[PDB]
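Enquirer: Once you've had a glance at the structure underneath, I'll fire off some questions.
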Amino acid sequence: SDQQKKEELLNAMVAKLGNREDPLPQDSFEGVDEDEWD
Amino acid sequence: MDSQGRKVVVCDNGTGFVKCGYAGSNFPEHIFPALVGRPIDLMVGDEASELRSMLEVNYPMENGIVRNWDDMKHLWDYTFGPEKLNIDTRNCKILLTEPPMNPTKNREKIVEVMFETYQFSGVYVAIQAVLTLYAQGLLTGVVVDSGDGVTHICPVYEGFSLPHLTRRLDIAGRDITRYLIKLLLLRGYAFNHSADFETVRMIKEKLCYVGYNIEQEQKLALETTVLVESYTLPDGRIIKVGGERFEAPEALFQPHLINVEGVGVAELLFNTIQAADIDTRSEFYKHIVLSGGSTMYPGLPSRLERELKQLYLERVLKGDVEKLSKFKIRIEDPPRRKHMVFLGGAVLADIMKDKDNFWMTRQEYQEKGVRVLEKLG
Amino acid sequence: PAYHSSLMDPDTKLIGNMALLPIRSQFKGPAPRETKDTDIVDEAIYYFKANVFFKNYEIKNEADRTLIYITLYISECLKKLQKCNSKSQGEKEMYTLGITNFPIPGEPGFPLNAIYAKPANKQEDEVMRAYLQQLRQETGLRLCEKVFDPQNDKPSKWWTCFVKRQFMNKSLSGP
Amino acid sequence: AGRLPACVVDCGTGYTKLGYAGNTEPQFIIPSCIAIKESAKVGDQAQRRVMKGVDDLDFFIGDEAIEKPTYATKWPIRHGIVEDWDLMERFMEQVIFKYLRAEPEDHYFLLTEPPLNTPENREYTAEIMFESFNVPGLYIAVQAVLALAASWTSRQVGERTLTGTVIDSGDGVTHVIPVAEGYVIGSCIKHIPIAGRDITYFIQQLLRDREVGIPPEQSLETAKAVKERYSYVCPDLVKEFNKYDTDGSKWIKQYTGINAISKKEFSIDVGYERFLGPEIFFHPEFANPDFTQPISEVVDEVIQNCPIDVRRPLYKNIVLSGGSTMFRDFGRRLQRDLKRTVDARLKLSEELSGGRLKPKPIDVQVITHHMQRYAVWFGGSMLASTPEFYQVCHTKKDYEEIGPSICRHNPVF
Amino acid sequence: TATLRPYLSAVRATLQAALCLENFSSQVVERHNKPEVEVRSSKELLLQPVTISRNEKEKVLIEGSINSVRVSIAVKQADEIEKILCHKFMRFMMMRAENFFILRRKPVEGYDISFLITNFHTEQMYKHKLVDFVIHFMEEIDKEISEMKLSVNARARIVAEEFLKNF
Amino acid sequence: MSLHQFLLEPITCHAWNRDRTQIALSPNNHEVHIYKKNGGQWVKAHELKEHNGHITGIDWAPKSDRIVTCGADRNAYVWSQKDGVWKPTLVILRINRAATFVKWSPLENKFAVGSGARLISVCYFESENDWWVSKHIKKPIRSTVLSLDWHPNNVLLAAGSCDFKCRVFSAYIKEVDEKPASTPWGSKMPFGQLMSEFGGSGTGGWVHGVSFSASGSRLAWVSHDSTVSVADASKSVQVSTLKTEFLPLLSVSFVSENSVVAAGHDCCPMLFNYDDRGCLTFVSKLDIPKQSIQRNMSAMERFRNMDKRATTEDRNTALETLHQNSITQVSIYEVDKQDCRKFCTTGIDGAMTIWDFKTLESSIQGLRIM
Amino acid sequence: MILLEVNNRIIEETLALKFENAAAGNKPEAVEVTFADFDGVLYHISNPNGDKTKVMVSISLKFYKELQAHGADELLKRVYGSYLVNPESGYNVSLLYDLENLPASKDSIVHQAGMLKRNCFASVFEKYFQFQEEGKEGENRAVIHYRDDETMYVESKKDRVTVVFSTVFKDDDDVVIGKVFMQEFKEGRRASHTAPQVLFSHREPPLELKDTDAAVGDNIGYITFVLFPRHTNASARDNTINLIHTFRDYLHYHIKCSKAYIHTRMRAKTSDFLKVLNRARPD
Amino acid sequence: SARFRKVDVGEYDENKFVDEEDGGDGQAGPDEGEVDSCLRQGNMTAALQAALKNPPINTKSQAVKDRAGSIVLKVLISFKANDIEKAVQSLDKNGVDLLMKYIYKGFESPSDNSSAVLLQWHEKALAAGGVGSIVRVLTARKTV
Ligand SMILES: Nc1ncnc2c1ncn2[C@@H]1O[C@H](COP(=O)(O)OP(=O)(O)OP(=O)(O)O)[C@@H](O)[C@H]1O
Ligand SMILES: Nc1ncnc2c1ncn2[C@@H]1O[C@H](COP(=O)(O)OP(=O)(O)OP(=O)(O)O)[C@@H](O)[C@H]1O
Ligand SMILES: [Mg+2]
Ligand SMILES: [Mg+2]
């Protein structure tokens, strides 16, 4: 029974993981100015 | 060649190819693919097929029955043009083929298109199993056909097809290819169902066969390394195919592996033959002819004869062993299974060319209309 | 990808497949005078630091051949500016570099014989040699103030780190 | 101590990540090198020493293997593919019994594999884990599905699918991998031969060209520190040279290092190599003279060779992974170049159609998430912590009667 | 010691006579090439089985046919450590049976290892080199097992002395 | 002793033309290669590709120049040359098992195919409707037929099979042949009549090769139990049997009235003598070991080297015979069965060897072939 | 390596990184680490109520009720002192470190934090050596269920201290390899004469454990250590306790290393057979 | 379903190979009295030549073949090592083939030190008779 165990595992993955609203680690570095990125 | 000087043209319209020639020829003159191309004005035939990238393609006929009528009309005026045949359509006799279990409205439409649009002098249509038995030189037998869509079992007796005994099984080569894709996915190789159809089709055409006794092949698979072969992918990787070579075509005999209800092909053939009349059963058992593209596996008629003998032992003699030597069967496969339908049509057009009752006349079509089609029987 | 010029105007004359672009100079030559602020030399100096890393250049016009020639000559300028230490013998070195001859197209010493079209007759040869000499002297005199750094009166380390790089693995002087 | 967590080990060309399940970060990150004693004669397999005593236990793994006198340093993995199995087994001996300190008869195990792996390597790994250490369970996972599962933390609950394109970049070979419904389309995986070693070599030869005062033994670690600390991705090239030439007080940094043999300090200036480092992803002919194709054309050729009905979900979900994709403004540059190529193709098709066809404009998204540096380990750690994992993992019993063939195929997530 | 060379000479003389193979197609099922010692359909294509015994434990069994031959070897095992090392070594060789081309995945019952040789192998290789490989294999196994046993004992002495020193 | 190495993969079978200038052979696959001698070297001239299975039999007619091929795909083809292009013609065999052997008739009007379906097929040509038809001989064959030979009077046939017997059949077809004469084998000749059956009782060996003599009154055959047998029909059909002390033989040929040349798994041809009284004796090996193997690596020194091998036995890296593997086909190369001076051998190692009687008479002491 | 280590590695590296960050005055960071050890011991490193200035280490053992009956609380109070606090929920022993009140020396605090499990097991041995030092008799044996199937027995006499291990081998070949290793342990007093006496029994318990309900089975083996007053005094008891409680893992580690050496040794013979077989072709 | 697939119909075929038998069961093998007398008076060569007479190759009973093998292996294990090659060279070809058949039957049930004696007899019979005798052992339909 690969498919039923795998879809229960996928439902566990969907119901398990939460969300984060913290700033990214890339934002702490210094880079080029914002307004010419278009 | 007749007394009136109207030539007889045999035109075979298979799904993959269209072949054409004259009556009495031992080889087809002209072979084309069936294709209609549109650029992204309208090229039909060979010349659409080399110039493939510019032209969007269209297949007009699917499983022997036509789907788009004007594309088949353009195919017909491509074949009857001056570049390939160069014949006069008002002074010709034409023979055509039809797939079995054909609905009657399609046959009426084909006969109406031949008699009204192109104005042919003589039109006949015939079932392909009778043409196959004419190519073999027989008159009575059972024809088992297996292509790409379905599998048909049809008996022909005294040169005519029996309509109420023709049977259909919905297992063909694409199901075996999908089952081989699943069996190759179960060994760890990464494959996709839509992107990798042609490669597994070439593997199935190259390596698979039909096993005689299942326990001997499974013992050889789990004990020896004899059956292991190697194949090279177009990317460059080398894969090893082992015991799937006999497991892939086993869905024809055990349909429950591919989640299809019903019985196998041997039980269907036994129930087809045993439902006929009692006095003609001995003629049907001695003339069984295999045809089609899916019947080219090695070891198929030995397995079919063994399953027929086991069914006849169980369900007729009811356990008597001594009467089994009197039961005689013979399954004949041709070694010339390239153009059997064209050769049978050419033999039938050659021998039956001057007698009046065979050809359907244009004057009776003008008198009656769609009532001439009862004279086929 | 690579950076191309944008100074092409169809009233301009051609010497073979060159472009007779106007220049601003005090040296004598056959080039016409330029009224605008920019010219081909300032664009070559502008695009040298990005064009020197490339190895596959695609020709789109006639002025790009002239841009390729000035970009090839700037590395030969930077080889001579490596050894020098003060300004005024810097211009005395670059004048003597600009005086001496170089292989023209049509000669076997020229590296890009396949793309560059050979000149036909003798006055075309004279006009081509005078035009290349004027371009040579003007880009030397323009590079003399840009390379040198005024507070120390030394060649700058940011300009002298581009010596070993070659444009399309080519060289005007060769090995 | 009723239930013990599983152990997650992820090996690689450059670094090995190892820890316990249920956590967010790995407990150990070590280099994948082994120092063994080679006091015997060089280049003689017959004279390769019989261990009369315990002389095969005289070795060091990890960061202790780097620069040890009277020892030889070996790297067992080339491009994600194991070449020496003896060194791999001796590596796993000191992984299990020294760092993790776990009894292997009580813990389940999860291991990772390269994307194109033969089943014989899976059989060899199952032999090493089941015959020598006697584990009760083993599961071998695919890295792309773990990265696609680990990218769900920046996403809402209604949009979590398992279809996308994974761009993986480490110390070996950059991979572009399409994943459709949890299964890898194996005929469309493409390779770009640019990674962090080429960037470090390019920065090292630039610093050899410009600066002076660096010791010759410490050039590579200095180039690695300059690459990891001061680097970004620029939109244009000549404007950055104009910014550095006009105003050099802001954009030019200084780096201070310590000499190892003299205990003295040196200082260098970091200039043009801040932006010229990561630009070889988009211009591969700067360093490698053979490969002349940017990464966006490789991604577009991966997606355009796929089947037609899954072509539009692949554009909507592009997931970055690996340690070499940690430069700033990577995804914006990749998204801009991919959108330019796509819009050029549809305006060319609209010009050649002449108003016959009006295709809808597609949506291209490049996803940057939090757990980008350790995405495969995070996906394995969040897979192994659930109670449903123990019904999917293999057992030692199925190795005992059925054999090594159970580990050729795993239930693909 | 004195029985070893006549045993190997008799095994070499028996394997020379049983390796005269020939290509043959199946007369039961059309378009099939099968090894006849495994299917055993036709009884006229089989030869008599033979065996050679050195003592009550060591023996070699040889079975032949028209296009195939099977050799089964029983290995000397003195005690418990030798038989578990023999079992590990035979399992280690029979897992890699696809690289050898002449090895069976499972042995015949009552024996330790079996070889199956068909006519394609003697078309691709020489006969006497195959006979030499069989005799060289039977010679090298016992020396390998004795060296492994001595290595295990010499390791265990050093481990015990290293633990009891520091206490 | 002329050796030529054609190719590394094995040679299944070979055939010569009339003038012995071209050769046709199968390189262990489904194609037939025709080589032509140009100058002093062999070059490839033609390739024939029509079959779908393993080629098992090639034969070349000397007069009409037609090549018959049979394979393991239950098919047979007749090839004829037109404008430098060889063209095939299909033969309907009506068999459900693979074919093993094919031989032309002496008058080139029919041919015989031995197959694995316990029957022998005799095929001739019908010219009113223009194709090749076949007839079957079935009883009392019980196994696979491995070898065939034709009598020189174009009627009788000899067959050997895996049921440990050698049989003589009659193959007379009224549409093609004429009325035959009387023979010592028999007097009544309808189609399919069994004339004589030979074989040992209780001693089972598969018969690999049969051969007739030049006059046609003597028969010889070889078996798998290392026996050579000669049957004489005139002296009330007596059978003489000799048990050798070597490996089994796979080919046999009469080279005169009283001499037999055979070859097999011992890699070297051997000579046997048959006198008028009825005693079969072994004479010599025709592959005398090279140029003595240099006094057999100095006769006293290899006896001391066998003492050295009694100390340390090591194996020979290359066999001393001119074939490194088995020999499967022996053929007569010069003139015919009445006068033989040279003969040709092919083998599994992929080489072709030409031997001469006069050089072997000059080299081997006391050797005399008649 | 040959001998196993005593102190943990995760705790020492984590606490050294946190103390080196807190020494320089940088901003602290959160931490939440859960892991395990030998013989089914759980660990936890976390922050109390989200406060980032405090770290907290807790342990979890199954058999703390047996060790508490022999007085393990007073030894932990004597070793640690003010760092010992009330336990966490679901855990047995808990420590607490404040980052604002650290001492100047930091190696000894991290080193005592690494040896928490040895400080848990040391109390039974330190109790039972004192009975041999004082000359008492008639005291009951100490029975420790340190695993589910394995048992440690400690007994004291006038001139000997007897430590009996019961162990279970899970596989059949491990019994033979362990018999070889314990035969070499039994014979191994021929070089060192101050070595203790080691005895081994297979499938049956020893005589002095006749009264207890000791298991009888094919996999179960019994190991006896005899200790003398040259090892149990007040100056050489630390390395004795550090060596006697890490013996079973040492034995199973060397068994698995021997099997891995055997699997290393087979591959060269397989490669030589493949080379000899591949030389036979006429390529 | 699949009840009919269990029946093996291949061995009910008429055209399968059936072995042919000849001779009765009246051959009782060699007689024990003369070989016991030749062992008693010490004539070893006469004991070997009288033991090889009357082979029971046609009798389908097992006990006659077992007692004939018992007498032949009783004679063969009572020789000295230096009297073997004189006894081997006194035979013709059929005696060498029958001795090779009895030696290869004697390897089935080893006991005590008979295998070294059988290996010496195998070496001398191989030196006298060649490798064709082993092929005639392997291809025999009726076995002693
Ligand atoms: N040698 C082969 N072995 C097995 N299968 C084969 C072989 N050659 C072709 N096939 C299969 O046979 C099928 C083709 O059958 P066929 O040539 O009769 O096609 P068709 O004319 O399009 O079919 P149909 O008339 O049923 O519509 C395909 O499924 C192909 O894979
Ligand atoms: N900002 C950065 N932070 C960390 N590492 C960086 C950074 N920029 C570049 N790198 C490089 O990232 C590399 C780490 O790659 P990674 O850990 O993914 O390797 P791997 O073991 O090959 O991984 P994989 O399992 O994905 O194949 C180092 O070589 C390092 O130089
Ligand atoms: Mg079809
Ligand atoms: Mg990597």
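All residue names refer to the structure tokens as shown: chains lettered A, B, ... in order, residues numbered from 1 in each chain, ligands numbered from 1 in order.
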For ligand 2, return the neighbouring residues as a PyMOL selection string (distance at most 8 Å; only C-alpha atoms and all ligand atoms).

Expert: chain D and resi 10-17+80+168-172+195-197+200+224+227-229+231+321-327+373-374+376

Enquirer: Excluding same-chain residues fewer than 3 positions from segment 344-349 of chain B, what lies within 10 Å of it counting only C-alpha atoms, as a PyMOL selection string?

Expert: chain B and resi 1+8-12+21-28+93-97+124+126+128-137+339-341+352-354+358

Enquirer: Just the alpha helix (DSSP H) stuff from segment 177-407 of chain D, please, per backbone DSSP, written as a ChimeraX atom specification.

Expert: /D:196-210,219-229,238-246,248-251,295-304,311-315,330-353,375-384,396-400

Enquirer: Around ligand 1, which protein and nucleic acid residues have at least one atom no more than 8 Å from it, if we count only C-alpha atoms and all ligand atoms? List them as a PyMOL selection string.

Expert: chain B and resi 14-17+62-64+145-151+172-174+177+201-202+204-206+208+292-297

Enquirer: Could you give me the residues within segment 199-297 of chain F that DSSP places in strand (DSSP E or B), as a count of residues only?

Expert: 45

Enquirer: Do you know which residues are at most 10 Å from segment 37-50 of chain D counting only C-alpha atoms, after dropping those on the same chain fewer than 2 positions away, and could you put them as a list in words?

Expert: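 Once the nearby chain positions are removed, what remains is residues 35, 52, 53, 54, 55, 56, 57, 58, 59, 60, 69, 70, 71, 72 and 73 of chain D; 151 of chain E; 265 and 268 of chain G.
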
Enquirer: One decimal, in Å: what's the spacing between atom CA of residue 10 of chain H and atom CA of residue 317 of chain B?

Expert: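 Between atom CA of residue 10 of chain H and atom CA of residue 317 of chain B the gap is 17.0 Å.
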
Enquirer: Name the residues in contact with segment 81-94 of chain H at a cut-off of 8 Å, using only C-alpha atoms, excluding same-chain residues fewer than 3 positions from it; report them as a VMD selection string.

Expert: chain H and resid 45 48 97 to 98 121 124 to 125 128 to 129

Enquirer: Using C-alpha atoms, can you write the selected residues to a file as an mmCIF file, in the first residue's frame?

Expert:
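Now in result.cif:
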```
data_model
loop_
_atom_site.group_PDB
_atom_site.id
_atom_site.type_symbol
_atom_site.label_atom_id
_atom_site.label_comp_id
_atom_site.auth_asym_id
_atom_site.auth_seq_id
_atom_site.Cartn_x
_atom_site.Cartn_y
_atom_site.Cartn_z
ATOM 1 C CA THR H 45 45.538 -60.453 -10.216
ATOM 2 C CA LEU H 48 40.749 -58.714 -10.067
ATOM 3 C CA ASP H 97 36.080 -48.809 -19.083
ATOM 4 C CA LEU H 98 34.365 -51.151 -16.592
ATOM 5 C CA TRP H 121 43.431 -46.221 -9.118
ATOM 6 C CA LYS H 124 46.638 -45.223 -13.128
ATOM 7 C CA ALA H 125 43.443 -45.871 -15.129
ATOM 8 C CA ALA H 128 46.400 -46.190 -19.256
ATOM 9 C CA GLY H 129 43.063 -45.402 -20.894
#
```

Enquirer: Write out as a PyMOL selection string each polymer residue whose atoms come within 12 Å of residue 7 of chain A, counting only C-alpha atoms; drop sequence neighbours fewer than 4 positions from it.

Expert: (chain A and resi 1-3+11-14) or (chain D and resi 181-182+388+392+411-413)

Enquirer: Name all residues at most 12 Å from segment 335-337 of chain F (count only C-alpha atoms; drop same-chain ones fewer than 2 positions away) and give them as a ChimeraX atom specification.

Expert: /F:18-20,62,152,211-216,253-260,331-333,339-343

Enquirer: For segment 182-196 of chain G, find every residue with an atom within 9 Å (counting only C-alpha atoms), except residues of its own chain fewer than 2 positions away, and show them as a PDB file with C-alpha atoms, in the first residue's frame.

Expert:
```
ATOM      1  CA  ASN E 153      42.927 -13.426  16.469  1.00  0.00           C
ATOM      2  CA  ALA E 156      41.670  -9.364  19.377  1.00  0.00           C
ATOM      3  CA  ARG E 157      44.898  -9.879  21.376  1.00  0.00           C
ATOM      4  CA  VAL E 159      42.483  -4.916  21.741  1.00  0.00           C
ATOM      5  CA  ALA E 160      42.441  -6.902  25.026  1.00  0.00           C
ATOM      6  CA  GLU E 161      45.979  -5.791  25.967  1.00  0.00           C
ATOM      7  CA  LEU E 164      43.724  -3.899  30.366  1.00  0.00           C
ATOM      8  CA  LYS E 165      46.813  -1.627  30.376  1.00  0.00           C
ATOM      9  CA  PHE E 167      43.209   0.397  34.380  1.00  0.00           C
TER      10      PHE E 167
ATOM     11  CA  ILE G 177      33.331 -13.181  17.857  1.00  0.00           C
ATOM     12  CA  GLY G 178      32.509 -12.223  21.456  1.00  0.00           C
ATOM     13  CA  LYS G 179      33.663 -15.667  22.604  1.00  0.00           C
ATOM     14  CA  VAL G 180      37.010 -15.031  20.854  1.00  0.00           C
ATOM     15  CA  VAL G 198      38.016 -11.078  34.358  1.00  0.00           C
ATOM     16  CA  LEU G 199      35.804 -14.162  34.065  1.00  0.00           C
ATOM     17  CA  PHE G 200      33.298 -15.158  31.390  1.00  0.00           C
ATOM     18  CA  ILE G 223      30.969 -11.123  32.611  1.00  0.00           C
ATOM     19  CA  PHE G 225      35.130  -8.244  37.147  1.00  0.00           C
ATOM     20  CA  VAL G 226      37.093  -8.683  40.384  1.00  0.00           C
ATOM     21  CA  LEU G 227      38.506  -5.495  41.928  1.00  0.00           C
ATOM     22  CA  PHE G 228      41.223  -5.279  44.586  1.00  0.00           C
ATOM     23  CA  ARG G 230      44.943  -1.303  44.864  1.00  0.00           C
ATOM     24  CA  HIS G 231      42.184   0.029  42.559  1.00  0.00           C
TER      25      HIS G 231
END
```

Enquirer: Once you count only C-alpha atoms, which residues of chain D turn out to be within 10 Å of chain G? Could you give them as a PyMOL selection string?

Expert: chain D and resi 1-7+19-28+45+50-51+54-60+85-87+89-90+93-94+97-106+127-128+131-134

Enquirer: Within 10 Å of chain E, which residues of chain F are there when counting only C-alpha atoms? Please give them as a PyMOL selection string.

Expert: chain F and resi 8-10+53+72-74+96-100+115-118+143-144+162-164+204-206+224+246-248+264-265+314-319+324-326+348-349
